[PDB]
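1. Sequence isn't available, so here's the structure alone:
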């Protein structure tokens, strides 16, 4: 609350370099005790402020050169490591961790330097406020103009913050799906929402919502066909020939020829409105999961089953699919599936899934 009480909440590591508020406060009161409550007294006080200003300005100038030298050194360090990368970029994780630890240490130094400048600026404005109150002479327009232009914290730091972020992004991009949301189930399965082309996902299995005749089309089928081409189609056609018509809620798997995915799990979702459409949608999901577990797959990517041409309201579908997944994992102890990706196309569906997914094991 008081001027000295708020002053004691400073960075104790640099206590000396801070404004001597108590010493400048006593200098006014002791000189006011003597000269019976002048211009000669004003010069002595302004000389004391100049010693304080030079102390604060030099410390801000010294710490400015320290952070700018630390960035210039790590900028040369990142440029050397990037120039050292050739054919294989294998162990970039630890190299980026030490640069991240040094950059985070500089972030803390710039943060402490910003706290030092704002407290000293307030300290100078408060001592001048007390000067204009205890003494008839006015110094408010003198120091508010002199400190607004040429401040303790330079404008050069905002350019340094953008460069710190640019070097951090280099360590992030050179190292490495995007994962928008993760829900970890109690049995350790990771449910993750990814906004990507499902055909591009490195998952062990990708789910292809089809019909009884393994028709390849719609958002998913087209994207898989685009990615996988002839080999992907040839595999589906063979599967159709071998499997015969896919029963409703049925799933069948083909090799992920021409795709990132190792396998394509084709499923025949029920149509919304079918007598047991809800139960069947859950069964569809479980059949997909079962087929993935049958091949001891670690990951499976799902698009929005049922809410395409099959007409399930997105929320209904989401709720059932998530319910089926939850149920499947609590019912199947030998499941090898560690990650379930929900690869979503539109914002609304993303939002629906992010909301529903959060309802799988909820706390206050």
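-> Perfect, thanks for sending it. Residues are numbered from 1 along each chain as shown.

2. ok but residue 121 is inside a strand, no?
-> No: Residue 121: not assigned to a strand; according to DSSP: H, G, I helix; E, B strand; the rest coil it is helix.

3. List the residues that contact it.
-> Residues counted as contacts of residue 121 (CB atoms under 8 Å, 6 or more residues apart in numbering) are 147, 151-152. Just so you know, the C-beta spots here come from the backbone N, C-alpha and C atoms, and that holds for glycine as well.

4. ditto for residue 270
-> 248-249, 276-277, 280-281, 284, 306, 310.

5. among these, who's most crowded?
-> Using other CB atoms under 10 Å as the neighbour definition, those reach their maximum at residue 281, which records 30 neighbours.

6. Is the closest residue in space to residue 18 that isn't next to it in sequence in a helix, a strand, or coil?
-> The spatially closest residue to residue 18, leaving aside those adjacent along the chain, is residue 10, at 5.3 Å (CB to CB, 6 or more residues apart in numbering). Recorded secondary structure, residue 10: coil (three-state DSSP).

7. and if you look at the one 3 residues further on?
-> Reduced to three states with three-state DSSP, the structure at residue 13 is helix.

8. Residue 208 too?
-> Put simply, residue 208 is strand when judged by three-state DSSP.

9. Which strand residues bridge it?
-> According to DSSP bridges, the residues that bridge with residue 208 are residue 266.

10. quick revisit: what's the neighbour count on the residue nearest to residue 18?
-> Neighbour count for residue 10, taken as other CB under 10 Å: 17.

11. In contact with it, which residues?
-> Residue 10 is in contact with 18, 116, 119, counting by CB under 8 Å, 6+ apart.

12. Where does the second one fall, secondary structure wise?
-> Secondary-structure assignment from DSSP states H and E places residue 116 in helix 92-134.

13. next one: that helix to chain centre, how far?
-> For helix 92-134, the distance between its averaged C-alpha position and the chain's averaged C-alpha position is 24 Å (CA atoms, centre = their mean, to the nearest Å).

14. SS state for residue 305?
-> When classified by three-state DSSP, residue 305 comes out as coil.

15. Can you tell me how far residue 173 is from residue 94?
-> According to CB to CB, to the nearest Å, residue 173 stands 16 Å off from residue 94.

16. Stretch 288-303: which residues count as buried?
-> When burial is assessed from 16 or more other CB atoms under 10 Å, stretch 288-303 yields the following buried residues: 288-293, 297, 299-303.

17. try stretch 107-121
-> Buried residues in stretch 107-121, counted by 16+ other CB under 10 Å: 110, 113, 116-117, 119-121.

18. and what of stretch 246-258?
-> Buried residues in stretch 246-258 (16+ other CB under 10 Å): 246, 248-258.

19. mind checking the SS state of residue 245?
-> Taking three-state DSSP, the label given to residue 245 is coil.

20. number of nearby residues for it?
-> Taking other CB under 10 Å as the definition, residue 245 ends up with a neighbour count of 13.

21. before we move on, what SS does the residue lying closest to it once chain neighbours are set aside have?
-> Spatial nearest neighbour of residue 245, chain neighbours left out: residue 212 (4.5 Å); criterion: CB to CB, 6+ apart. Residue 212 carries the three-state label coil when classified by three-state DSSP.

22. Please report the distance of residue 212 from residue 252.
-> Using CB to CB, we find residue 212 at a distance of 11 Å from residue 252.

23. Common neighbours of those two, please.
-> Contact criterion CB under 8 Å, 6+ apart; residues bridging residue 212 and residue 252 by contacting each: residue 246.
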